[PDB]
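To start, the structure itself, in structure tokens.
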Amino acid sequence: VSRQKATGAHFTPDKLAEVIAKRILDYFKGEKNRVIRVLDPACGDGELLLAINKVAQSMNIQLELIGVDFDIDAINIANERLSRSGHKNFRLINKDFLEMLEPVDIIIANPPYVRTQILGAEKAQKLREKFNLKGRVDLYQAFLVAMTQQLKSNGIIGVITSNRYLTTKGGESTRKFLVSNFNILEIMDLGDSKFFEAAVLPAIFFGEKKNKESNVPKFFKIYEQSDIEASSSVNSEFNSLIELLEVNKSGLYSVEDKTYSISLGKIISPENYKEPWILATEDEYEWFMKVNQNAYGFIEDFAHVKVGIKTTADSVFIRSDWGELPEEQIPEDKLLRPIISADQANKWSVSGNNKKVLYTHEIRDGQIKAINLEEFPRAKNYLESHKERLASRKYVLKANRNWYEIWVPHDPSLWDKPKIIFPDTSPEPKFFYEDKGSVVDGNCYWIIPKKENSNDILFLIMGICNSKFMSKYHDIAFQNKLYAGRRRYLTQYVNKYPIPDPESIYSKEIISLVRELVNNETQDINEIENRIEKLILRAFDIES
DNA sequence: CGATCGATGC
DNA sequence: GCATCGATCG
Ligand SMILES: Nc1ncnc2c1ncn2[C@@H]1O[C@H](CSCC[C@H](N)C(=O)O)[C@@H](O)[C@H]1O
């Protein structure tokens, strides 16, 4: 990994910095008669301190600028830019802000984002114990805790981070810490606007630190809108993307080359931090709540939403060229199982393609055990070739498991059951039925019924999951998006899909219609699809 | 065990 | 400009 990657050295663009500065000073309710202390805990080359001082000078406000950064080169360049700007009252400290100073009145920040795997398992454990965090902790989550305690009560914070704390399971500690330490003023999900050169969807958090001794938090949400429906008008009286960040009306806006969907509203009861924070309008949230009330249950109550095998060496275990190998290394046909990947995914039906996985696990004496390499000589010599890469996986040997094993093989006896398969990263739901007993690749998830009767129940789930109804429910309840409108069909989200009463007459016709799309079509598939949409609306007792 | 997360990664 | 895939947490 690069130095910039491990240190999160990604500067804030000057125009985005100005946006953050203006909101901070408009939200600030301090005295402003004396020197206001401003802190940037990871100041980089000083862009945020310059941006907030520029805005404050236009208000005849005097600031004390304080910036910290553990990189001396960043400190050196920030001192040069601040000194040349003509501002005298500033101070820079070269240190680890986390420390592995008097409290300030304002914090403007864009802390580094470093994922758990780049921090290493050892340092991630220290951050969790020091700042009371859980899960796959990111470096920006630690900085959120560390910088918050440097802020005086009633002080204003304005910090941009990755938006993923809003919607991920691992963001739970951050959401809890934020709502219990701040009077949340505004959360701006910048979505896929791509203000940074880096591939990241950021969010900006504005809040007033609680006093411990009378406010409704609002939100701003902007994402690129790819599909403009016929009856939707677009506003184009804004020339720059940075200008859309001060729009105060929901709707479609186009900084030409792109059209953006902007939503404003209130965040609903963020104190329920264990669920993802939902940024939805009043109408979207009402429709979302009415579905939940009229829901019979959820997929979690009916089926196991499981991820495919996690091999941790895909190029070694998953191939299609098994036949054109040395005859001494062609694995025994018992070990080559057909495996379905995300590039074969479609709706209801799959598109054999010679793609097989070398399955290293089996059922011996009623238990799941790894295979014996002495029993499969041709498969042994093949895995002997890549032993260096396979044995270098430290986590494999720490669990007292063999170097040649698939890391997560799941249960070899469960592949035979009929199942629903769908891809994780996808802009549209592609849930299809499969009863041929093939393995599921790690880029896909798969659904088997909790009840030992796959009849009807998987077909009802499949019709729900593929529907535009559930895509609308997903975009409201589970707002985790990659670039290009790609949803994340993960266990933690699909478990929470609502399901109507499977004994309802509307549900029974969905099952028969879905059974036609699986068992048996020309372009009349959409005729049945639209019929399922109306049946789903009747099953949930709504009409949108 | 088994699902997560990605200043994505080319 | 489009769909990771392997270290990680619990
Ligand atoms: N442990 C640590 N303590 C202090 N600064 C750190 C740090 N780890 C990374 N940083 C710094 O955090 C910065 C993040 S880049 C953001 C820079 C600036 N605030 C801006 O928004 O433009 C980098 O300059 C990096 O050197």
Side-chain angles (χ1 to χ4, degrees), chain A residues 1-10 12-13 42 44 110-125 127-128 133-141 160-165 167-173 190 192 194-203 224 226 304-318 341-343 345 361 367-368 389-390 392-396 398-401 405-411 414 423-428 430 440-446 480-495:
Chain A
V1 298
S2 67
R3 173 81 75 93
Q4 181 181 21
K5 169 77 83 169
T7 62
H10 295 263
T12 305
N110 178 17
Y113 325 152
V114 182
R115 67 188 299 173
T116 317
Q117 287 83 2
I118 304 173
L119 300 167
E122 188 169 341
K123 188 163 51 186
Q125 179 64 28
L127 297 172
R128 287 193 294 261
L133 296 170
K134 300 164 60 179
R136 285 148 188 81
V137 59
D138 196 308
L139 193 57
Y140 77 83
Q141 296 166 346
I160 177 169
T161 68
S162 160
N163 77 350
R164 290 297 194 247
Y165 70 95
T167 61
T168 56
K169 195 197 298 291
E172 179 201 83
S173 298
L190 303 191
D192 58 358
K194 312 186 180 191
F195 281 107
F196 301 102
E197 190 185 85
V200 64
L201 290 78
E224 179 177 355
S226 185
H304 296 126
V305 180
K306 314 166 75 66
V307 65
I309 55 166
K310 306 303 295 190
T311 280
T312 64
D314 280 355
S315 67
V316 182
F317 288 96
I318 303 178
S341 296
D343 54 6
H361 286 63
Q367 297 179 320
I368 304 177
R389 181 191 176 186
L390 293 184
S392 62
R393 301 174 297 164
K394 323 178 71 61
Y395 46 92
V396 174
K398 289 183 63 61
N400 282 275
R401 294 179 58 176
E405 296 184 16
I406 294 178
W407 177 235
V408 186
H410 297 290
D411 189 357
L414 289 186
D424 173 14
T425 300
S426 185
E428 298 294 338
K430 294 185 180 182
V440 183
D441 197 350
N443 40 69
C444 283
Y445 286 64
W446 52 297
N480 195 335
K481 298 283 190 61
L482 293 169
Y483 282 175
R486 258 60 180 185
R487 300 187 179 95
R488 300 310 299 272
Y489 296 102
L490 303 171
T491 292
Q492 67 187 267
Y493 304 138
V494 184
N495 276 347

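To find a chain, count down the sequence lines: A is the first, B the second, and so on, and within it residues start at 1.
- Closest to the side chain of A:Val408, from the set B:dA7, B:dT4, B:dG2, is B:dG2.
- The listed nucleotides are C:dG6, C:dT4, C:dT8; the one nearest the side chain of A:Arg136 is C:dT8.
- For the pair A:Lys306 NZ and B:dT4 P, the computed distance is 12 Å after rounding to whole Å.
- Formation of a donor-acceptor pair under 3.5 Å by the A:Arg486 side chain with backbone atoms of A:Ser426 is not found in this model.
- Out of C:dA7, B:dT4, B:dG2, the shortest distance to the side chain of A:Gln117 is found at C:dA7.
- The line from CD1 of A:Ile406 to CD1 of A:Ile318 is 7.0 Å long, rounded to the nearest 0.5 Å.
- The residue A:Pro112 sits close to a base: some heavy atom pair falls under 4.0 Å.
- Taking only side-chain nitrogens and oxygens, A:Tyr445 comes nearer than 4.0 Å to OP1 or OP2 of B:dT4.
- Rounding to whole angstrom units, NZ of residue A:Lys123 and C1' of C:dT8 are separated by 15 Å.
- Residue A:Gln125 contributes atom CD, which lies 12 Å from atom P of C:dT8 at whole-angstrom precision.
- Using a 4.0 Å cut-off, some side-chain N or O of A:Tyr395 falls inside it from OP1 or OP2 of C:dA7.
- Contact annotation for A:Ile318: no contact, since no heavy-atom pair falls under 4.0 Å across all strands.
- Counting non-hydrogen atoms under 4.0 angstrom, A:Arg128 reaches the backbone sugars and phosphates but no base.
- Between the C1' atoms of B:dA7 and C:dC9, the separation comes to 22 Å (whole Å).
- Between B:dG6, B:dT8, C:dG6, one nucleotide has an atom nearer to the side chain of A:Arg488 than all others, and that is B:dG6.
- Listed by chain and residue number, nothing satisfies the side-chain hydrogen bond (donor to acceptor under 3.5 Å, both in side chains) test with A:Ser2 (two or more places apart in sequence, or in another chain).
- Across all strands, A:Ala313 comes closer than 4.0 Å only to sugar-phosphate atoms, never to a base (heavy-atom distances).
- Side-chain N/O atoms of A:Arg486 include one lying less than 4.0 angstrom from OP1 or OP2 on C:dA3.
- Out of B:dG9, C:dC5, C:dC9, the shortest distance to the side chain of A:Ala199 is found at B:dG9.
- Each of C:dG6, C:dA3, C:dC9 was ranked by its minimum atom distance to the side chain of A:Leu482; first place goes to C:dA3.
- Nearest-nucleotide positions on DNA chain B place A:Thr491 closer to the 5' end than the other of A:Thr491 and A:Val114.
- Under the side-chain hydrogen bond (donor to acceptor under 3.5 Å, both in side chains) test applied with A:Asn480, the options A:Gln492, A:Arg164, A:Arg488, A:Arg487 reduce to a single match, A:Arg164.
- In this structure, A:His304 places its NE2 atom 12 Å from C1' of B:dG2, rounding to the nearest Å.
- An OP1 or OP2 oxygen of B:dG6 is reached within less than 4.0 angstrom by a side-chain nitrogen or oxygen of A:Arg164.
- Across all strands shown, nothing is found opposite B:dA7 as a Watson-Crick or G-U wobble partner with both distances under 3.5 Å.
- Partner assigned to C:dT4 is none, using Watson-Crick or G-U wobble distances below 3.5 angstrom.
- Ranking B:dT8, C:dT8, B:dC5 by closeness to the A:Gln492 side chain, first place goes to B:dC5.
- Contact of A:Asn495 with B:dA3 (side chain to base): no donor-acceptor pair of N or O atoms is detected under 3.5 Å.
- At least one side-chain nitrogen or oxygen of A:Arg389 sits closer than 4.0 Å to the OP1 or OP2 atom of C:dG6.
- In this entry the distance linking OH of A:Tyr113 with P of B:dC5 reads 18 Å, nearest Å.
- Straight-line distance between the P atoms of B:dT4 and C:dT4: roughly 16 Å, to the nearest whole Å.
- Between A:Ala42 and A:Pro111, the shortest heavy-atom distance links the atoms CB-CA, 4.2 Å.
- Closest contact between the side chain of A:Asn443 and the listed nucleotides C:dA7, B:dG9, C:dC5 involves C:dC5.
- Side-chain proximity of A:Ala198 to the nucleotides B:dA7, C:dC9, B:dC5 is greatest for B:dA7.
- Here the closest non-hydrogen pair linking A:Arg401 and A:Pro409 is NH2-CD, 3.6 Å.
- OP1 or OP2 of B:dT8 lies within a sub-4.0 Å distance of a side-chain N or O belonging to A:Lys5.
- The side chain to side chain contact (heavy atoms under 4.5 Å, CB included) search around A:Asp192 returns A:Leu201, A:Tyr223, A:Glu224, A:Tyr483, not counting sequence neighbours.
- If you find the closest nucleotide of DNA chain B to A:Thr425 and to A:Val305, the one lying nearer the 5' end belongs to A:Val305.
- The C1'-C2'-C3'-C4' torsion of B:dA7 is positive, so its sugar falls on the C3'-endo, or north, side.
- Between A:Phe196 atom CZ and B:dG6 atom P there is a gap of 15 Å when expressed in whole angstrom units.
- Taking atom CD of A:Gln141 as the reference point, atom P of C:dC9 lies 12 Å away to the nearest angstrom.
- Comparing C:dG10, B:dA3, C:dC2 against the side chain of A:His410 picks out B:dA3 as the nearest.
- As rounded to whole Å, 17 Å separates atom P of C:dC2 from atom CG of A:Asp424.
- Within the structure, every side-chain polar atom (N or O) of A:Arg115 is placed at least 4.0 Å from both OP1 and OP2 of B:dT4.
- Looking at every heavy atom in both residues, A:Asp424 comes nearest to A:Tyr445 through CB-CE1, 4.0 Å.
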